[PDB]
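Take a look at the structure set out below.
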Amino acid sequence: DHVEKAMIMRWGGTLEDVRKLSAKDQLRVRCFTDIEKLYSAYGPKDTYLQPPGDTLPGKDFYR
Amino acid sequence: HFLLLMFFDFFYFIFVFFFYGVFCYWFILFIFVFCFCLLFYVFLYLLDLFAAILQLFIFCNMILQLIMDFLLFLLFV
Amino acid sequence: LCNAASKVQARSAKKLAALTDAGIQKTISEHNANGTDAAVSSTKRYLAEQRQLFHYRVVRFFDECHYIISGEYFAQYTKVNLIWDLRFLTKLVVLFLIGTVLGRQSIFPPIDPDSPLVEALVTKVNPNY
Amino acid sequence: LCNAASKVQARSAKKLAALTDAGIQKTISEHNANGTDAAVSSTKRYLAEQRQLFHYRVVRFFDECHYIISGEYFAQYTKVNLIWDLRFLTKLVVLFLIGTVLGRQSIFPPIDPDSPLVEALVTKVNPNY
Amino acid sequence: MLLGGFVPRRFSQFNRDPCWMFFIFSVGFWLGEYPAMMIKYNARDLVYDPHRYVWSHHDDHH
Amino acid sequence: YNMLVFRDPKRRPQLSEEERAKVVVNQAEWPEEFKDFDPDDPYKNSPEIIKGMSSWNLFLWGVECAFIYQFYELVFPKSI
Amino acid sequence: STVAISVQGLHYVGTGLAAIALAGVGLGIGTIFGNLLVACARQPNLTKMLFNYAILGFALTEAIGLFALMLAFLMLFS
Amino acid sequence: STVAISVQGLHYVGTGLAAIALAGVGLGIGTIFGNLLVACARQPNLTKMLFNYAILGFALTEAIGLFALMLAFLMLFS
Amino acid sequence: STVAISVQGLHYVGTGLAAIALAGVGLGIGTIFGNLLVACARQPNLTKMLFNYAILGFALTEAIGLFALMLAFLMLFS
Amino acid sequence: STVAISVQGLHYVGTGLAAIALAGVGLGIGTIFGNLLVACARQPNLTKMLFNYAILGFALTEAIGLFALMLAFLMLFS
Amino acid sequence: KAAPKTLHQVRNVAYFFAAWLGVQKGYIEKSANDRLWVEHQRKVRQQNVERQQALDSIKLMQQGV
Amino acid sequence: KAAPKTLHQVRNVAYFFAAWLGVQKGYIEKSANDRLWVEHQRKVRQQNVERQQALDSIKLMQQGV
Ligand SMILES: CCCCCCCCCCCCCCCCCC(=O)OC[C@H](COP(=O)([O-])OCC(O)COP(=O)([O-])OC[C@@H](COC(=O)CCCCCCCCCCCCCCCCC)OC(=O)CCCCCCCCCCCCCCCCC)OC(=O)CCCCCCCCCCCCCCCCC
Ligand SMILES: CCCCCCCCCCCCCCCCCC(=O)OC[C@H](COP(=O)([O-])OCC(O)COP(=O)([O-])OC[C@@H](COC(=O)CCCCCCCCCCCCCCCCC)OC(=O)CCCCCCCCCCCCCCCCC)OC(=O)CCCCCCCCCCCCCCCCC
Ligand SMILES: CCCCCCCCCCCCCCCCCC(=O)OC[C@H](COP(=O)([O-])OCC(O)COP(=O)([O-])OC[C@@H](COC(=O)CCCCCCCCCCCCCCCCC)OC(=O)CCCCCCCCCCCCCCCCC)OC(=O)CCCCCCCCCCCCCCCCC
Ligand SMILES: CCCCCCCCCCCCCCCCCC(=O)OC[C@H](COP(=O)([O-])OCC(O)COP(=O)([O-])OC[C@@H](COC(=O)CCCCCCCCCCCCCCCCC)OC(=O)CCCCCCCCCCCCCCCCC)OC(=O)CCCCCCCCCCCCCCCCC
Ligand SMILES: CCCCCCCCCCCCCCCCCC(=O)OC[C@H](COP(=O)([O-])OCC[N+](C)(C)C)OC(=O)CCCCCCCCCCCCCCCCC
Ligand SMILES: CCCCCCCCCCCCCCCCCC(=O)OC[C@H](COP(=O)(O)OCCN)OC(=O)CCCCCCCCCCCCCCCCC
Ligand SMILES: CCCCCCCCCCCCCCCCCC(=O)OC[C@H](COP(=O)(O)OCCN)OC(=O)CCCCCCCCCCCCCCCCC
C-alpha cells in the first residue's frame with residue numbers, strides 16, 4: 001500500500017498515470033522506495049530534501 | 001518494541017550499505033561495529049524475553065495483592 | 001606480531017595432531033619426511049583424476065539420459081526424489097536469473113530513451129559510473 | 001540428433017576403455033557395479049581432504065616463513081629457484097593490476113569533472129551503459 | 001523451558017534431523033538475503049526517482 | 001555442549017566408583033550408530049536423514065531462495 | 001494583534017529533557033547492585049535469593065525509565 | 001495570524017540534554033565498583049561471583065546509557 | 001507562513017551540556033577510589049587485586065565520559 | 001524563507017555550562033580525601049600507600065576537569 | 001552395470017543450459033535497448049540539422065538578397 | 001621433518017595480498033573521483049542558485065517597486 005501510494009503521488013497522482021509507465025519504470029520506483037525504507041533515519045536526507053539549485057521537479061510539478 | 005525497531009533499522013542500514021568495507025582497508029572498523037551490533041542484538045532479545053515474563057508476573061501480583069489486602073485468616077482449634 | 005604468530009602456529013599444530021584419521025596422519029608424516037606439501041599433492045591428484053574421468057562423466061550423462069527417458073526413473077519415484085527435484089528446480093531458477101543479469105551486464109533493466117526516467121541518467125552525480 | 005549422441009557415447013566409451021590406469025579402471029568398475037558416480041565421489045574426497053588439511057597448510061606456511069627468514073633458502077639458491085621466483089613476481093604483478101581494475105570497477109581510470117573528456121561521457125550513445 | 005532435545009554438535013550435523021534441516025535452510029535464507037540486498041541496492045545502474053522531491057512521507061505525516 | 005542457547009542434556013551418573021570399576025565394557029553388543037561413543041559428539045556417526053544431502057546444501061538452498069525472492073522482479077517485473 | 005506561531009524544533013528540547021530521567025534510573029540500578037555485593041559478602045549463603053530480589057528491583061526501577069523514554073519517542077516522532 | 005517557524009539548531013540543544021543522562025550512568029557504574037571493593041575486602045574468597053554480578057550491573061547500567069545515547073545521536077542527525 | 005531560521009550560536013549550548021555529563025563521570029571516579037582506600041585498610045593483603053578492579057571501574061566510567069565527550073566535540077565543530 | 005542568524009553572546013553560555021562539570025570533579029576529590037582520613041585512622045601504618053592511591057585518583061579526576069576546562073576556554077575564545 | 005542412483009551429470013548440464021538461456025535473454029534485452037538508443041541519437045541529430053537549417057533560412061531572409 | 005622443498009603456501013598468501021593491495025588502490029582512486037564529482041555537482045547547484053538570484057533581481061528591478 002505504501003509503495004503504491006508513493007508511485008501514484010510521485011508520478012501523476014492517479015493510478016492510470018502510473019499504469020502509463022512501463023514495468024521497468026515501476027520496478028525502478030519501487031526499488032527506490034525500498035532504498036528510502038532502508039535508509040530511514042540513518043542516511044542522507046537529499047533523498048527527500050531538494051538541495052537549492054536542483055533542476056529536478058518540485059512539489060508543485062503536477063499542480 | 002520501539003527500541004528493537006530502531007536498532008534493527010540501524011543494523012540493516014550499516015549491514016547493507018557498509019559491508020563493502022570488508023574488502024577495503026578500513027575493514028577492521030566495520031568488523032568491530034558488526035560485532036558490537038551482534039552483541040547488542042543478543043542483549044536486547046534476552047532483555048525483552050526476561051522483561052515480558054517479569055511484567056506478567058507483576059501484573060498478576062498486583063491483583064493478588066489487592067485480594068490479599070482484604071483477606072482474613074482464621075486459626076484452627 | 002611474533003607471539004600471535006607462535007600462538008596461531010601452536011593452535012594449528014594442536015588441531016592437526018588432534019584428528020584421528022589414519023590416512024591423513026600417514027600422508028602428513030610422509031610429506032613431512034620428504035619435505036613436500038600434502039595439500040598441493042592432493043590438489044594435483046584430484047585434477048588428474050578429473051582429467052581422466054571426463055569421458056566417464058559423458059558416459060554417465062548418456063546413461064542417466066537413457067534411464068530418465070525410458071521412464072524407469074519415474075517408476076520408482078519417491079518423496080526423496082521429489083525433494084531433490086525441488087532443489088534442482090530452485091538452482092535452475094536462480095541460475096537463470098543470474099545469467100540474465102550477467103547477459104545484460106546490469107542488475108536492473110536498461111532505461112529506454114522514451115522513458116521519463118532518462119532524466120535520472122542525465123543527472124548522475126558521477127557519469128563515469 | 002540420436003546418431004550423433006550414439007557416436008559421441010561410443011567414442012567416450014572407447015577412450016574410457018583405452019586408458020590403462022589400474023586405479024581408475026578399478027574405481028570405474030566398482031562405481032558401475034554400485035551404480036554410483038566416480039567423479040562426484042572424487043570431488044567429495046578432495047574437498048574432505050582439503051577441509052582436514054587447512055591447519056596443515058597453516059603450519060606449512062609458518063615453517064616456510066621461518067625457512068625463508070632464517071636465510072637458509074638463499075643459501076642453496078639455484079637457477080631453478082630464480083625461474084620460480086620470476087614466475088611468482090609475474091603472477092603478483094598481474095594480480096595487482098586485476099585487483100586495481102576490480103577495485104575501481106572500471107578498466108580505465110575514471111574521468112575527473114575538470115577534464116576536457118567529460119564531453120565524451122555526456123555524448124554517450126546509451127547512457128545506461 | 002529449554003530442557004532437552006536433539007542438539008547438533010556442529011554445522012555438519014544439522015542434516016541429522018529434519019527439524020534442524022529446516023532450521024538451517026531458514027538460516028541460509030536469513031543470512032543470504034543480506035548479500036542480495038547489498039548487490040541489488042548498491043548497483044551501479046540503480047537510479048534515484050527523478051520525482052522523489054515531488055512528494056515524500058515526511059510532508060504527509062507532518 | 002551448546003548450540004546458541006540449546007544445551008545438550010547430560011545423564012547423571014548413577015553407579016558408584018567401586019561398582020563402576022567392576023563393569024566390563026563390550027562395544028560388540030553396542031549398535032553401530034553408537035561405537036566409540038563420545039559425550040561431546042554423540043551424533044558423529046548418526047545417519048543422514050537424506051543420503052547425500054549435506055547441511056551446507058540446505059544452507060545454499062535457503063540462500064538461493066532468498067536470492068530468488070529478491071531478484072525475480074528484476075527479471076520478470078509486473079505492472080501495478 | 002492576535003498572532004499564532006508554531007515552532008517545530010521544540011520537540012527536540014522536550015525529548016532531551018526526558019532522557020535526563022534515565023540518570024536517576026541508571027544510578028538507582030547501580031545502587032541496588034552495590035548493596036547486593038555488600039550483602040553477599042555479609043551472608044553468602046543467600047546469594048541466590050538476593051540475586052533474585054536484586055533483579056526484581058532492577059525491573060521496577062527500569063520500568064520507570066521506560067515511561068520517560070516513551071515520552072521522548074512520542075515527541076521525537078510528532 | 002497563522003505563522004509556522006522551523007528552528008534548525010535546536011537539535012544541538014536536545015542532544016546535549018540527553019548526554020546529561022550519562023552522568024547518572026557513569027556515577028552508577030562507579031558506585032557498583034566501589035561497593036565491590038568493600039565486599040571483596042570483607043569477603044576475599046568471593047572474588048569471582050561478586051565480579052560477575054558487578055559486570056551484570058554494569059551491563060544493565062550501560063544499557064540505560066545506550067538508550068539515551070541513541071536519542072542523542074538520533075536528534076543530532078534529524 | 002513558512003519561515004526557516006538558522007541560529008549559529010546554538011552549537012555552543014549543546015556542547016556545554018554534553019560537558020556536564022563529565023561531572024557524573026568525575027564523581028564516579030572519586031567514589032571508586034574513595035572506597036578503594038577503605039578496602040585496602042580492611043584487607044591490606046589484597047592491595048593488588050582491588051587496585052586492578054578499581055582500574056577496571058575507572059576505565060569503564062571513563063568510557064561513558066568519552067562517549068559524551070564525542071558529542072561535545074562534534075557539535076563544537078559542526 | 002531562508003534566514004541565517006548568528007547570535008554572538010551564546011559563546012558565553014556554553015562556557016558557563018562546561019564549568020558545572022567541575023562541580024562533580026571537585027566533589028569527587030573531596031570524597032577521596034574524605035575516605036582517606038578514615039582509612040588512615042583505621043590503618044595508620046599504610047598512610048603512604050593510601051596517600052599514593054589518593055593522589056592517583058585525584059589525577060584521574062583532574063584529567064576530566066581539564067577536559068571540561070578545555071571545552072570552556074575553546075567556546076570562550078571562539 | 002546397475003541403474004544410476006544419482007543424476008548429477010544431467011543436473012550439471014541443465015544448470016549450464018539454464019545459465020546460458022538467461023545469458024541469451026539478457027543479451028537480447030541489451031541489444032534491443034542499444035538499437036533503440038542508436039535510433040534515438042540519430043533522430044536527435046536529424047532534429048538538430050533541421051533546426052540549424054531553419055536558423056540558416058531565417059538568417060538568409062534577414063540578409064535579403 | 002626436512003626443510004620444505006616448495007613454498008606454495010607463502011606464494012598463495014602473497015598472491016592474495018597483492019590482489020588485496022590492488023583492490024585498495026582501485027577503491028581509493030574511485031573514492032577520490034566520487035568526492036571530486038560530488039564537489040563539482042555542489043558547485044554547479046550553487047552557480048545555478050546564483051544565476052536564479054540574479055535573474056530574480058533583474059526582474060525585481062523591472063518591476064520597479
Ligand atoms: C571487469 C572485468 C575485469 C577482468 C580482468 C581480467 C580477469 C582475468 C583474466 C586472465 C588474466 C591472466 C591469468 C591470471 C591468473 C591469476 C590467478 C591464478 O592463476 O591463480 C593461481 C594461483 C595459484 O597458482 P600456483 O601457484 O601455480 O598453484 C600451485 C598449486 O596448484 C597449488 O595448489 P593448491 O592445492 O594450493 O590449490 C589451492 C590454491 C589454488 O586455488 C586457486 O586456484 C584459487 C582461484 C584461482 C583464481 C584466482 C583469481 C583472482 C583474481 C582476483 C580476484 C577475483 C575473484 C576471485 C574469487 C576466488 C574464489 C575462490 O588456493 C589458492 O591459491 C589460495 C589463495 C588464497 C589464500 C588465502 C590466504 C589469506 C591469508 C590472510 C592472512 C592475513 C593476516 C593479517 C595479519 C595482520 C597482523 C597485523 O592462485 C592465486 O593466485 C590465488 C589468488 C587469490 C586472490 C584473491 C583476491 C580476493 C580479493 C582480496 C580479498 C578481499 C576480501 C578479504 C579481505 C580480508 C581482509 C584482509
Ligand atoms: C596439442 C597441441 C599443443 C599446442 C601446439 C602449438 C600451438 C597451437 C595453437 C593453438 C594452441 C591452443 C592452446 C594450447 C592448449 C591449451 C589447453 C591445454 O592443453 O591444457 C591442458 C591442461 C592440462 O595440462 P597439464 O600440463 O597436464 O596441466 C596440469 C594441471 O593443469 C595442473 O597444473 P599446475 O600444477 O601447473 O597448476 C597450476 C595452478 C594454476 O591454475 C590456475 O591458475 C588455473 C587457471 C585459472 C584461470 C587463468 C586464465 C586461464 C587462461 C584463459 C585465457 C586463455 C587465452 C588463450 C587461449 C587460446 C586457445 C586457442 O593450478 C591450480 O592451482 C589449479 C587451478 C584451480 C583454480 C580453478 C578456478 C579458476 C578461476 C579463475 C578466475 C578468473 C576467471 C576470469 C574472470 C574473473 C573475474 C573476477 O588442462 C587444463 O587445465 C585446461 C584448463 C583451461 C581450459 C581452457 C583454456 C582456454 C582455451 C583452450 C583451447 C584449446 C583448444 C585446443 C584444441 C586441440 C584440438 C586437437
Ligand atoms: C553484476 C553482479 C551480479 C551478481 C549476481 C549474483 C552472483 C552469485 C551470488 C550467489 C547466488 C546464490 C548461489 C547460487 C549458486 C549457483 C551455482 C552453484 O551452486 O553451482 C553448483 C552446481 C553443482 O551443485 P550440486 O548439484 O550440489 O553438485 C553436486 C556435486 O558437488 C557435483 O560435484 P562434481 O564432481 O560434479 O563437481 C563439478 C561440478 C561443480 O563445479 C562447480 O561448482 C562449478 C562452479 C560453481 C559456480 C557456478 C556459478 C555460475 C553462475 C553464472 C556464470 C558465472 C561464471 C562462472 C564461471 C565458472 C568457471 C568454472 O561442475 C559443474 O557444475 C559443471 C557445470 C558445467 C557443465 C558443462 C556441460 C556443458 C555441455 C554442453 C553440451 C551442448 C550440446 C549441444 C548440442 C546441440 C545439438 C543440436 O553447479 C552449477 O550449478 C554449475 C553452473 C555452471 C553455469 C555456467 C554458465 C556459463 C555461461 C553460459 C555458457 C556461455 C559460454 C559457452 C557457450 C557454448 C555454446 C552453447
Ligand atoms: C556452528 C554454528 C552453526 C550455525 C548455527 C545457527 C546459525 C547462527 C548464525 C550464523 C551462521 C553462519 C553461517 C553458517 C555456517 C556456514 C559455513 C559452514 O559451516 O560451512 C561448512 C562447509 C562444509 O560443511 P559440509 O556440510 O561438510 O559440506 C560438505 C561439502 O561442502 C560438500 O557439500 P555438497 O556435497 O552438498 O556439495 C554441493 C556442491 C555445491 O557447491 C557450490 O555450489 C559451492 C558454493 C558456490 C558459491 C555459492 C554461494 C555461496 C554463499 C555465499 C553467500 C553467503 C551468505 C550468508 C553467509 C552468512 C555468514 C554469517 O559442491 C560442489 O560442487 C563443490 C563446489 C565447487 C565450486 C567452487 C567454486 C565456486 C564459485 C562460485 C561462483 C560465484 C561467486 C560470486 C560471483 C560470480 C560472478 C559471475 O564449508 C564450506 O564448504 C564453506 C565454503 C564457503 C565459505 C564461506 C561461506 C559464507 C560465510 C560463512 C561464515 C560462517 C562463520 C561461522 C563462524 C563460527 C565461529 C564459531
Ligand atoms: C505441458 C507441461 C509443461 C510444463 C512446463 C513447466 C515450466 C516450469 C518453469 C519453471 C517454474 C518455476 C516455478 C518456481 C519458482 C517461482 C519463482 C517466483 O515466482 O518467485 C517470485 C516469488 C516472490 O514474489 P515477488 O516478486 O512478489 O516478491 C518480491 C517481494 N519484494 C519486492 C518485497 C522483495 O519468489 C518466492 O516466493 C521465492 C520463494 C522460494 C521458492 C523456492 C521454494 C523451494 C522450497 C523451499 C521450502 C522447503 C524447504 C524444506 C527444507 C527441509 C526439508 C526437510
Ligand atoms: C571455444 C570457446 C572457448 C575458447 C577460449 C579462448 C580464450 C578466450 C578468453 C575470453 C576471455 C573473456 C572475453 C571477454 C569478451 C569481451 C568482454 C567485454 O568487455 O565485453 C563487455 C562489453 C561491455 O561494453 P558495452 O556496454 O556492451 O559496449 C561497449 C561500447 N563502448 O559488452 C560487450 O562486449 C557485449 C557482450 C554481450 C554478451 C555477454 C556474454 C557474456 C555473459 C556472461 C559474462 C560473465 C563474466 C563474469 C566476469 C566478471 C568480471 C568481474
Ligand atoms: C567475514 C568476511 C566474510 C563474510 C561473508 C558473509 C557473506 C557476505 C557475502 C558477500 C557477497 C558480495 C557482497 C557485495 C557487496 C556490494 C557489491 C556491489 O554492488 O557494490 C558495488 C558498487 C557499485 O556501485 P557504485 O558505482 O560504486 O555506486 C553505486 C551508487 N549508485 O560499489 C560499491 O558498493 C563500492 C565497492 C568498493 C569496494 C569493492 C570491493 C570488492 C572488490 C573486488 C570485487 C570482485 C568481485 C567479482 C565478482 C564478479 C561478478 C560478475
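Scheme for the C-alpha cells: letters A, B, ... for chains in order shown; per-chain residue numbers from 1; ligand numbers from 1 in order shown.
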Q. Pairing every Cα of chain H with chain G in order, what RMSD remains after the least-squares superposition?
A.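 The C-alpha RMSD comes to 0.4 Å.
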Non-local contacts of residue E:9 (8 Å; only C-alpha atoms; under 5 positions in same chain excluded) as a ChimeraX atom specification: /F:1-3,40-41,43
Spatial neighbours of stretch 80-91 of chain D, 12 Å, only C-alpha atoms, chain gap at least 5 places, as a PDB file with C-alpha atoms, in the first residue's frame:
ATOM      1  CA  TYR D  73      66.528 -20.660   1.445  1.00  0.00           C
ATOM      2  CA  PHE D  74      69.012 -18.241  -0.129  1.00  0.00           C
ATOM      3  CA  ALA D  75      71.994 -20.345   0.971  1.00  0.00           C
ATOM      4  CA  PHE D  96      47.838  -6.423  -8.601  1.00  0.00           C
ATOM      5  CA  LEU D  97      46.619  -4.999 -11.909  1.00  0.00           C
ATOM      6  CA  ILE D  98      43.469  -7.137 -11.840  1.00  0.00           C
ATOM      7  CA  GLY D  99      42.834  -6.106  -8.246  1.00  0.00           C
TER       8      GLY D  99
ATOM      9  CA  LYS L   5      61.248 -28.141  -0.989  1.00  0.00           C
ATOM     10  CA  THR L   6      58.417 -25.824  -2.100  1.00  0.00           C
ATOM     11  CA  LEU L   7      56.947 -22.528  -0.899  1.00  0.00           C
ATOM     12  CA  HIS L   8      53.425 -22.902  -2.282  1.00  0.00           C
ATOM     13  CA  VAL L  10      53.693 -18.447   1.059  1.00  0.00           C
ATOM     14  CA  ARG L  11      53.208 -17.805  -2.658  1.00  0.00           C
ATOM     15  CA  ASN L  12      49.434 -18.192  -2.317  1.00  0.00           C
ATOM     16  CA  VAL L  13      49.380 -15.788   0.633  1.00  0.00           C
ATOM     17  CA  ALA L  14      51.425 -13.301  -1.391  1.00  0.00           C
ATOM     18  CA  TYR L  15      49.013 -13.674  -4.314  1.00  0.00           C
ATOM     19  CA  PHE L  16      46.090 -12.849  -2.031  1.00  0.00           C
ATOM     20  CA  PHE L  17      47.937  -9.887  -0.515  1.00  0.00           C
ATOM     21  CA  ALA L  18      48.843  -8.489  -3.942  1.00  0.00           C
ATOM     22  CA  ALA L  19      45.250  -8.760  -5.150  1.00  0.00           C
TER      23      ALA L  19
END
Can I have chain C aligned to chain D? Use a least-squares fit on all Cα atoms paired in order and write it out as a compact mmCIF listing (two decimals) with C-alpha atoms, in the first residue's frame.
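Just written: selection-v1.txt:
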# COMPACT_ATOMS: atom_id res chain seq x y z
CA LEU C 1 20.17 -35.93 -33.05
CA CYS C 2 20.27 -39.58 -31.96
CA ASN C 3 23.01 -40.95 -34.23
CA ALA C 4 25.30 -38.13 -33.09
CA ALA C 5 24.56 -38.94 -29.44
CA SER C 6 25.30 -42.63 -30.04
CA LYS C 7 28.55 -41.76 -31.83
CA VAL C 8 29.69 -39.47 -29.01
CA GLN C 9 28.83 -42.08 -26.39
CA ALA C 10 30.72 -44.74 -28.35
CA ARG C 11 33.78 -42.51 -28.69
CA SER C 12 33.78 -41.72 -24.97
CA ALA C 13 33.40 -45.41 -24.13
CA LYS C 14 36.33 -46.31 -26.39
CA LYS C 15 38.52 -43.65 -24.78
CA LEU C 16 37.47 -44.73 -21.29
CA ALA C 17 38.38 -48.34 -22.06
CA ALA C 18 41.65 -47.24 -23.69
CA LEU C 19 43.22 -45.85 -20.52
CA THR C 20 45.45 -48.37 -18.74
CA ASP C 21 45.29 -46.96 -15.20
CA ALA C 22 44.59 -49.73 -12.70
CA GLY C 23 43.15 -47.42 -10.05
CA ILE C 24 40.89 -45.54 -12.46
CA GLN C 25 39.57 -48.75 -14.01
CA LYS C 26 39.01 -50.32 -10.59
CA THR C 27 37.09 -47.29 -9.34
CA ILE C 28 35.02 -47.17 -12.54
CA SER C 29 34.14 -50.85 -12.22
CA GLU C 30 33.21 -50.51 -8.54
CA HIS C 31 31.00 -47.47 -9.14
CA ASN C 32 29.33 -49.11 -12.14
CA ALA C 33 28.59 -52.18 -10.03
CA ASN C 34 27.20 -49.97 -7.26
CA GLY C 35 25.54 -47.57 -9.71
CA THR C 36 27.22 -44.51 -8.17
CA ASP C 37 29.22 -41.68 -9.74
CA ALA C 38 33.00 -41.87 -9.50
CA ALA C 39 33.72 -38.24 -10.39
CA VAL C 40 31.39 -36.88 -7.69
CA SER C 41 32.93 -39.22 -5.12
CA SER C 42 36.39 -38.00 -6.10
CA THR C 43 35.25 -34.39 -5.72
CA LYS C 44 33.86 -35.07 -2.25
CA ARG C 45 37.04 -36.90 -1.22
CA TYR C 46 39.19 -33.99 -2.38
CA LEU C 47 37.02 -31.46 -0.54
CA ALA C 48 37.14 -33.54 2.64
CA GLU C 49 40.93 -33.87 2.42
CA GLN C 50 41.33 -30.12 1.90
CA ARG C 51 39.00 -29.42 4.82
CA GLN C 52 41.15 -31.69 7.00
CA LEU C 53 44.41 -30.14 5.71
CA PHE C 54 43.67 -26.46 6.41
CA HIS C 55 45.74 -26.34 9.59
CA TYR C 56 48.41 -28.36 7.80
CA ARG C 57 48.54 -25.53 5.27
CA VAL C 58 48.87 -23.03 8.12
CA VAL C 59 51.72 -24.99 9.73
CA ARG C 60 53.47 -25.36 6.37
CA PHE C 61 53.11 -21.61 5.78
CA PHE C 62 54.74 -20.82 9.12
CA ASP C 63 57.51 -23.36 8.51
CA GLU C 64 58.21 -21.88 5.07
CA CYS C 65 58.25 -18.38 6.56
CA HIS C 66 60.82 -19.49 9.13
CA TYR C 67 62.86 -21.20 6.42
CA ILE C 68 62.92 -18.05 4.27
CA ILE C 69 63.54 -15.64 7.15
CA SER C 70 66.36 -17.78 8.54
CA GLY C 71 68.28 -17.26 5.28
CA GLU C 72 68.59 -21.00 4.63
CA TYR C 73 66.53 -20.66 1.44
CA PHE C 74 69.01 -18.24 -0.13
CA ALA C 75 71.99 -20.34 0.97
CA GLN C 76 71.08 -23.07 -1.55
CA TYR C 77 69.67 -20.70 -4.17
CA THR C 78 69.91 -22.02 -7.74
CA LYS C 79 68.76 -21.08 -11.23
CA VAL C 80 65.56 -23.12 -10.86
CA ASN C 81 64.61 -21.08 -7.80
CA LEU C 82 65.26 -17.94 -9.86
CA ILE C 83 62.87 -19.18 -12.55
CA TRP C 84 60.21 -19.93 -9.94
CA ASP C 85 60.67 -16.50 -8.34
CA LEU C 86 60.28 -14.82 -11.73
CA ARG C 87 57.03 -16.73 -12.27
CA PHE C 88 55.94 -15.66 -8.78
CA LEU C 89 56.71 -12.00 -9.49
CA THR C 90 54.80 -12.11 -12.77
CA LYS C 91 51.73 -13.54 -11.04
CA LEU C 92 52.00 -10.89 -8.33
CA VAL C 93 52.07 -8.09 -10.91
CA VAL C 94 49.14 -9.40 -12.93
CA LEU C 95 47.11 -9.97 -9.76
CA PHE C 96 47.84 -6.42 -8.60
CA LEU C 97 46.62 -5.00 -11.91
CA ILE C 98 43.47 -7.14 -11.84
CA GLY C 99 42.83 -6.11 -8.25
CA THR C 100 43.09 -2.43 -9.16
CA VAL C 101 40.70 -2.88 -12.09
CA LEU C 102 38.16 -4.63 -9.88
CA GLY C 103 38.62 -2.12 -7.06
CA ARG C 104 37.77 0.82 -9.30
CA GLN C 105 35.22 -1.37 -11.13
CA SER C 106 36.41 0.04 -14.46
CA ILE C 107 39.06 -0.93 -16.99
CA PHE C 108 40.11 2.69 -17.46
CA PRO C 109 40.66 5.36 -14.79
CA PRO C 110 37.56 7.47 -14.11
CA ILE C 111 37.40 10.89 -15.73
CA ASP C 112 37.62 13.86 -13.39
CA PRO C 113 34.93 16.54 -13.76
CA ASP C 114 37.50 19.19 -14.71
CA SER C 115 38.93 17.07 -17.54
CA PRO C 116 38.02 18.03 -21.13
CA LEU C 117 36.96 14.41 -21.76
CA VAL C 118 33.73 14.92 -19.80
CA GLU C 119 32.01 15.73 -23.10
CA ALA C 120 32.53 12.10 -24.14
CA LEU C 121 30.57 10.99 -21.07
CA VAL C 122 27.81 13.45 -21.93
CA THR C 123 27.64 12.23 -25.54
CA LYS C 124 27.24 8.54 -24.68
CA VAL C 125 25.05 6.73 -27.19
CA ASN C 126 23.49 4.59 -24.44
CA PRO C 127 23.60 6.37 -21.05
CA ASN C 128 22.56 3.15 -19.29
CA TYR C 129 25.99 1.72 -20.11
Give me, as a Markdown table, each residue of chain A that comes within 9 Å of chain B, together with its shortest interatomic pair and the distance in Å at one decimal, counting only C-alpha atoms, with rows ordered by chain and rising residue number.
| residue | atom | partner | partner_atom | distance |
| --- | --- | --- | --- | --- |
| A:37 | CA | B:9 | CA | 8.9 |
| A:38 | CA | B:13 | CA | 5.8 |
| A:39 | CA | B:13 | CA | 6.0 |
| A:40 | CA | B:9 | CA | 7.2 |
| A:41 | CA | B:10 | CA | 8.3 |
| A:42 | CA | B:10 | CA | 6.6 |
| A:43 | CA | B:13 | CA | 8.1 |
Given the choices A:14, A:3, A:52, A:9, which gets closest to ligand 5 if the distance is worked out from only C-alpha atoms and all ligand atoms?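 For ligand 5, the nearest of the given residues is A:3.
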Under the rule of at most 8 Å, produce a per-residue listing of chain K near chain C: chain, number, name, the closest pair of atoms, and the distance in Å, as a Markdown table, using only C-alpha atoms.
| residue | atom | partner | partner_atom | distance |
| --- | --- | --- | --- | --- |
| K:3 | CA | C:67 | CA | 7.4 |
| K:4 | CA | C:64 | CA | 6.5 |
| K:7 | CA | C:64 | CA | 6.1 |
| K:9 | CA | C:61 | CA | 5.2 |
| K:10 | CA | C:61 | CA | 5.7 |
| K:11 | CA | C:88 | CA | 7.0 |
| K:14 | CA | C:92 | CA | 7.4 |
| K:15 | CA | C:92 | CA | 5.7 |
| K:18 | CA | C:96 | CA | 5.2 |
| K:19 | CA | C:99 | CA | 4.7 |
| K:20 | CA | C:99 | CA | 6.5 |
| K:21 | CA | C:96 | CA | 6.7 |
| K:22 | CA | C:100 | CA | 4.1 |
| K:23 | CA | C:103 | CA | 4.2 |
| K:24 | CA | C:103 | CA | 6.4 |
| K:25 | CA | C:100 | CA | 5.7 |
| K:26 | CA | C:103 | CA | 4.1 |
| K:27 | CA | C:103 | CA | 4.8 |
| K:28 | CA | C:104 | CA | 7.9 |
| K:29 | CA | C:104 | CA | 6.7 |
| K:30 | CA | C:104 | CA | 5.2 |
| K:33 | CA | C:112 | CA | 6.3 |
| K:36 | CA | C:112 | CA | 7.0 |
| K:37 | CA | C:113 | CA | 6.0 |
| K:40 | CA | C:113 | CA | 6.7 |
Go ahead and save the residues from that selection, with C-alpha atoms, as a compact mmCIF listing (two decimals), in the first residue's frame.
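Saved the output as out20.txt:
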# COMPACT_ATOMS: atom_id res chain seq x y z
CA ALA K 3 20.91 -48.30 -12.84
CA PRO K 4 22.23 -44.89 -11.73
CA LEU K 7 21.63 -37.86 -11.83
CA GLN K 9 25.73 -35.11 -14.64
CA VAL K 10 22.30 -34.35 -16.10
CA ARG K 11 21.69 -31.78 -13.36
CA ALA K 14 20.81 -28.47 -17.01
CA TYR K 15 22.47 -25.88 -14.76
CA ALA K 18 19.75 -22.57 -17.72
CA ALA K 19 22.60 -20.12 -17.18
CA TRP K 20 23.17 -19.96 -20.93
CA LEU K 21 19.49 -19.26 -21.60
CA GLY K 22 19.48 -16.47 -19.02
CA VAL K 23 22.57 -15.00 -20.67
CA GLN K 24 20.79 -15.08 -24.03
CA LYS K 25 17.78 -13.29 -22.54
CA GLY K 26 19.96 -10.55 -21.08
CA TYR K 27 21.94 -10.17 -24.30
CA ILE K 28 18.76 -9.83 -26.37
CA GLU K 29 17.39 -7.20 -23.99
CA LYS K 30 20.63 -5.21 -24.05
CA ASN K 33 17.99 -1.23 -25.85
CA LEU K 36 16.64 1.94 -29.54
CA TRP K 37 19.25 4.37 -28.24
CA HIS K 40 17.07 8.00 -30.74
